[PDB]
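What follows is a set of notes on a single structure, which appears directly below.
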Amino acid sequence: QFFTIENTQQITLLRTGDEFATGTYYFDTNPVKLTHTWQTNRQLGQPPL
Amino acid sequence: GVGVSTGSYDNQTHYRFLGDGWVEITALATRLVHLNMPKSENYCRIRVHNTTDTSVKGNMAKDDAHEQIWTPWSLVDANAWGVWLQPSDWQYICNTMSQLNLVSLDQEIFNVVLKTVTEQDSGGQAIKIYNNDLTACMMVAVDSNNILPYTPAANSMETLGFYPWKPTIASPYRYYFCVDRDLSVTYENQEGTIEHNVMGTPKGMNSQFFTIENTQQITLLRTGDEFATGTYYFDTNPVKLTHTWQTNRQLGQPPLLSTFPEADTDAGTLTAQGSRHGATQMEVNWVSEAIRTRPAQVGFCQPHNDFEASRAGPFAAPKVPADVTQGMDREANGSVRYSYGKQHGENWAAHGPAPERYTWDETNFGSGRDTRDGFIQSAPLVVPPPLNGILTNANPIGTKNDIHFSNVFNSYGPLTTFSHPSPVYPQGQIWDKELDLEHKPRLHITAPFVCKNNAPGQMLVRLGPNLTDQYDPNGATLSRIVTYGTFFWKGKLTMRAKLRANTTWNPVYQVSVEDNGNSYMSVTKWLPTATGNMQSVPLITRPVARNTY
DNA sequence: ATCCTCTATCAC
DNA sequence: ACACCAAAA
DNA sequence: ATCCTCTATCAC
DNA sequence: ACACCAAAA
DNA sequence: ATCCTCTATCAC
DNA sequence: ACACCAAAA
DNA sequence: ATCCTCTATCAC
DNA sequence: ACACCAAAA
Ligand SMILES: [Ca+2]
Ligand SMILES: [Ca+2]
Ligand SMILES: [Ca+2]
Ligand SMILES: [Ca+2]
Ligand SMILES: [Ca+2]
């Protein structure tokens, strides 16, 4: 599999006065909790009486 | 303002029938609860170390090391089949339905009774006088948002009476706290010492201390008051009410017959394994039910007594229940052993503290595993394997005589498909909360129904501190008027089922009872004695044959 | 707040 | 007092 | 008068 | 039973 | 005249 | 192709 | 001026 | 942010 930037994309030329800008990508992702846990199989629920 | 009941007794069960054979079952539970003053007036962070047992060399699998927080509050768990349905009903549902699912729960408290006792008659002997205080109050609260940790009572056979005409009481609220316990490995006598059997202190990063009072809205209940729940809606997956059988060996196209039996005795034959059509993923130039290709893997091999351990200490790994198989390999296919007691079974006239126990063998056949016959051949498959060309349940691993590949082999994988366990009638747990782990478990062996969203807030109760004329805050430890109480609890559980369809020919297994015998199913078991004693024995859920392919 | 073994004289 | 028992109470 | 650790199935 | 957990329940 | 074991993709 | 299996397909 | 290997978040 | 991948985004 051999690709080439030139045969795959639209290249834009930039001289000194030019400028380039991206679209606006939207992330479709799952959030990340910001808390650690502790409980292990030994501490799950009803502590003995 | 008092002298008038605030609720109504009703422990009925209604079967509402709708079209296409759907059914709306409605569970009615009413129960009389008793309650006395919580000994600790406060919250206690208590510890538990059983050095008396941890010290032995072989002993570890008996470790009870942990540190709980004792709250002066008491829980009111009804999460146990045995509390809602009547023996017979469970029969009915199981003998008639095809699936069951949780719908909604509704709780209610009322007819509060608060009394104080005064031990008098010091001028004669030693009597006790009973009388109720009106102003006195009770306290209720519901952790609807579930800030507090979950504490299922069936997790200890401490739920409520399964017998309506007999009262009951509440399990006290207690929850785990963070420690970091550690224990070393040893066997029968070995040599050396237990290198270190430590406990530990609270860690800043994981210390979590809650308080009913700073988390919930507590409602005061005097005699004429009454309390009532919202109406929780279950968002859960239904449970089939049929066992299966088919195993990898019976999936689809049975081989073609070439020889036809002559009499009801002799059998028939197939075609030459060498000269037989089909497919396999072994190099051999033949074919056999054993090596033929199947859709996927039914059931799988689980590691035996996989005590693993973390900062908490050691513990046995849980494992998906399955049929025990002829091999009678219980601990091998996770059957479960319950130890219930007189409010949850037991006979009643059984003497001594000795709890009654029952082991449940799962009915999802074709999913079980017989350790004995399980074996791994080698490379390039060979008709009859050499010796050093096949590892069996005889050959020992890591130099231990009885430890074989089974106890460490894990068959699980993509093609590994199985069946969800079944519920156990009395004693069994109904629903359960889900672990707040970004990556969940395909199910809990703990219970049948797992809430997809939030879950039923736990209902907490506690009596109110009835003070005396004497009180000093800075005062060491002090007096409070003796007091205890009662109240009725009423629950509403709605379920949905559908009637099974009859399509076989040959009748089918039904749960039934039997005349006065030595049979497991003997009426008498679910009957009163001359003094009125009775037990509740677990019953078969999924008496009827399913199909899986 | 009674109707033929539920809810439900529910079958009006 | 329907409301009568197995349907159309 | 229960909804995922508050109020607040508040997000309807 | 919305109300499915992180947004627009 | 194919829809998850009936009739009944009946649940449209 | 609704019609995603246990409800409101 | 970003949408799953084109043009083309073209499939809106 | 549709526009969640193979259709009818
Ligand atoms: Ca909340
Ligand atoms: Ca009635
Ligand atoms: Ca609330
Ligand atoms: Ca048909
Ligand atoms: Ca583009």
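Sequence order for the protein chains is A and A'. A prime marks a further copy of an entry chain. The opening residue of the first sequence carries number 246 in PDB author numbering; numbering runs sequentially from there. The opening residue of the second sequence carries number 39 in PDB author numbering; numbering runs sequentially from there. Each residue gets a CB set at the ideal place from its N, CA and C atoms; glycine is no exception.
Checklist entry - According to DSSP, is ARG332/A' helix, strand or coil? => result Along the second sequence, one-based indexing puts residue 332/A' at 294. Here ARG332/A' sits in coil by DSSP.
Item to check | Closer than 7 Å at the beta carbon, the chain A' residues around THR285/A | outcome: Within the first sequence, residue 285/A is the residue found at index 40, counting from 1. Result: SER348, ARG349 and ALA350.
Next on the checklist: Using beta carbons (cut-off 8 Å, strictly below), is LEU279/A in contact with chain A'?
Outcome noted: If you number the first sequence from 1, residue 279/A lands on position 34. Not one chain A' Cβ lies under 8 Å of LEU279/A.
Next on the checklist: Between the segment 490-505 of chain A' and the segment 439-456 of chain A', can you find at least three pairs of beta-carbon atoms closer than 8 Å?
Outcome noted: no
Item to check | Which residues DSSP lists as bridging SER112/A', in chain order | outcome: Position 74 of the second sequence, counted from the first residue, corresponds to residue 112/A'. Answer is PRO210/A' and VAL499/A', bridged to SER112/A'.
Checklist entry - Pairing CB atoms from the segment 322-342 of chain A' with CB atoms from the segment 283-299 of chain A', are three or more of them under 8 Å? => result yes
Checklist entry - Just to confirm, are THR92/A' and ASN235/A' a CB contact at a threshold of 8 Å? => result The residue you call residue 92/A' lines up with position 54 of the second sequence. The residue you call residue 235/A' lines up with position 197 of the second sequence. Yes, Cβ-Cβ distance for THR92/A' and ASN235/A' is below 8 Å.
Checklist entry - Residues in the segment 172-197 of chain A' with C-beta within 9 Å of chain A's C-beta atoms, listed in sequence order? => result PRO187, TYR188, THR189, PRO190, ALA191, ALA192, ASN193, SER194 and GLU196
Item to check | Which residues DSSP lists as bridging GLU264/A', in chain order | outcome: Residue mapping note: residue 264/A' aligns to position 226 of the second sequence, counting from 1. According to DSSP, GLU264/A' bridges with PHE148/A'.
Next on the checklist: Is it the case that the segment 494-509 of chain A' contacts the segment 168-188 of chain A', given that we only count it when at least three CB pairs across the two stretches are under 8 Å?
Outcome noted: yes
Item to check | Contact between the segment 236-248 of chain A' and the segment 521-534 of chain A' (3+ Cβ pairs under 8 Å) | outcome: In short, these stretches do not touch, since the Cβ pair count stays below three.
Checklist entry - Based on the DSSP secondary-structure assignment, which residues constitute the bridge partners of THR68/A'? => result To locate residue 68/A', count along the second sequence from 1; it is residue 30. Paired residue(s): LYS528/A'.
Item to check | Cβ pair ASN431/A', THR409/A' closer than 8 Å | outcome: By 1-based counting over the second sequence, the position of residue 431/A' is 393. By 1-based counting over the second sequence, the position of residue 409/A' is 371. It is a contact, given that the beta carbons lie within the stated cut-off.
Item to check | Backbone secondary structure at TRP119/A' - three-state DSSP | outcome: Within the second sequence, the letter at position 81 stands for residue 119/A'. In the structure shown, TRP119/A' sits in a helix (DSSP, three-state: H, G or I).
Item to check | Close Cβ partners of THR269/A' (< 7 Å) along its chain, the five nearest in sequence each way excluded | outcome: Taking the second sequence and counting its residues from 1, one reaches residue 269/A' at position 231. Once the five neighbours on either side are set aside, the close Cβ partners of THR269/A' are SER142 and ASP144.
Item to check | Within 9 Å of chain A by C-beta, residues of the segment 472-489 of chain A' in sequence order | outcome: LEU473, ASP474, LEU475, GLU476 and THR484
Checklist entry - Along chain A, in chain order, which residues have C-beta atoms closer than 8 Å to that of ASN244/A'? => result By one-based count along the second sequence, residue 244/A' stands at place 206. Those within 8 Å of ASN244/A' in chain A are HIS281 and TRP283.
Checklist entry - Going by DSSP, what residues sit across from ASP181/A' in a beta bridge? => result Taking the first residue of the second sequence as position 1, residue 181/A' is located at position 143. Looking at the DSSP assignment, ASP181/A' forms a beta bridge with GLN496/A'.
Next on the checklist: Contact defined as beta carbons within less than 8 Å: I believe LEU73/A' pairs with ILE207/A'. What is the distance between those atoms, to the nearest angstrom?
Outcome noted: As a working mapping, residue 73/A' is identified with position 35 in the second sequence. As a working mapping, residue 207/A' is identified with position 169 in the second sequence. With a Cβ gap of about 7 Å, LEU73/A' and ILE207/A' count as contacting.
Item to check | Per DSSP, the bridge partner or partners of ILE414/A' | outcome: In the second sequence, the residue the question calls residue 414/A' occupies position 376. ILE414/A' pairs with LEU429/A'.
Checklist entry - Considering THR269/A, what are the terminal residues of the beta strand (DSSP E) in which it resides? => result The residue given as residue 269/A occupies position 24 in the first sequence. In the DSSP assignment, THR269/A falls outside any beta strand (DSSP E) and carries neither an H nor an E.
Checklist entry - Can you tell me whether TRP119/A' is buried or exposed, with buried defined as 16 or more other CB within 10 angstroms of its CB? => result Looking up residue 119/A' in the second sequence gives position 81. Flag for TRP119/A' reads buried.
Item to check | Below-8 Å beta-carbon distance, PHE247/A' vs any chain A residue | outcome: Numbered from 1 along the second sequence, position 209 holds the residue referred to as residue 247/A'. No, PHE247/A' lies away from the interface with chain A (no Cβ there is under 8 Å from its Cβ).
Checklist entry - What residues from chain A crowd round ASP102/A', counting only those whose CB sits closer than 8 Å? => result What you label residue 102/A' is simply residue 64 of the second sequence in a count that begins at 1. Per Cβ cutoff of 8 Å: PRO293.
Next on the checklist: Can you check which of these residues, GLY427/A', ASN445/A' and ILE428/A', is closest to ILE435/A' by C-alpha distance?
Outcome noted: The residue you call residue 435/A' lines up with position 397 of the second sequence. Nearest C-alpha to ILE435/A' among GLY427/A', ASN445/A' and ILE428/A': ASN445/A'.
Checklist entry - So, is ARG69/A' buried or exposed, given that buried needs 16 or more other C-beta atoms within 10 angstroms? => result Numbered from its first residue, the second sequence carries residue 69/A' at position 31. So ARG69/A' ends up on the buried side.
Item to check | Under 7 Å by beta carbon: chain A' residues contacting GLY290/A | outcome: The count along the first sequence starts at 1 and reaches residue 290/A at position 45. Per Cβ cutoff of 7 Å: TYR188, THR189, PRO190 and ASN193.
Checklist entry - Can you round the beta-carbon distance between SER574/A' and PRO464/A' to whole angstroms, since I take them to be within the 8 Å contact cut? => result The residue you call residue 574/A' lines up with position 536 of the second sequence. The residue you call residue 464/A' lines up with position 426 of the second sequence. At roughly 4 Å, the Cβ-Cβ gap stays under 8 Å, so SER574/A' and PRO464/A' are in contact.
Checklist entry - Any heavy atom of ligand 7 within a distance shorter than 7 Å of the CB on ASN183/A'? => result Of the ligands one can find in the structure shown, namely ligand 1, ligand 2, ligand 3, ligand 4 and ligand 5, none is ligand 7.
Checklist entry - Is the segment 75-82 of chain A' in contact with the segment 159-168 of chain A', if contact means three or more CB pairs nearer than 8 Å? => result Contact fails: fewer than three Cβ-Cβ distances are below 8 Å.
Item to check | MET533/A' - DSSP class collapsed to helix/strand/coil | outcome: Numbered from 1 along the second sequence, position 495 holds the residue referred to as residue 533/A'. In the structure shown, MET533/A' sits in a strand (DSSP, three-state: E or B).
Checklist entry - Taking buried to mean at least 16 other C-beta atoms within 10 Å of its own C-beta, is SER460/A' buried or exposed? => result The sequence position of residue 460/A' within the second sequence is 422, counting from 1. With 16 or more Cβ atoms within 10 Å of its Cβ, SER460/A' is classed as buried.
Checklist entry - Can you list, in chain order, the stretches of the alpha helix (DSSP H) that have 4 or more residues and sit fully within the segment 211-265 of chain A'? => result Taking only runs of at least 4 residues, the alpha helix (DSSP H) segments lying wholly in the segment 211-265 of chain A' are 250-253.
Checklist entry - Should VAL325/A' go down as buried or exposed, given a rule of 16 or more other Cβ atoms within 10 Å for buried? => result What you label residue 325/A' is simply residue 287 of the second sequence in a count that begins at 1. That one is buried.
Checklist entry - Are any of the Cβ atoms in chain A nearer than 8 Å to that of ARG500/A'? => result Translated into positions along the second sequence, residue 500/A' becomes position 462. No, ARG500/A' does not count as interfacial toward chain A.
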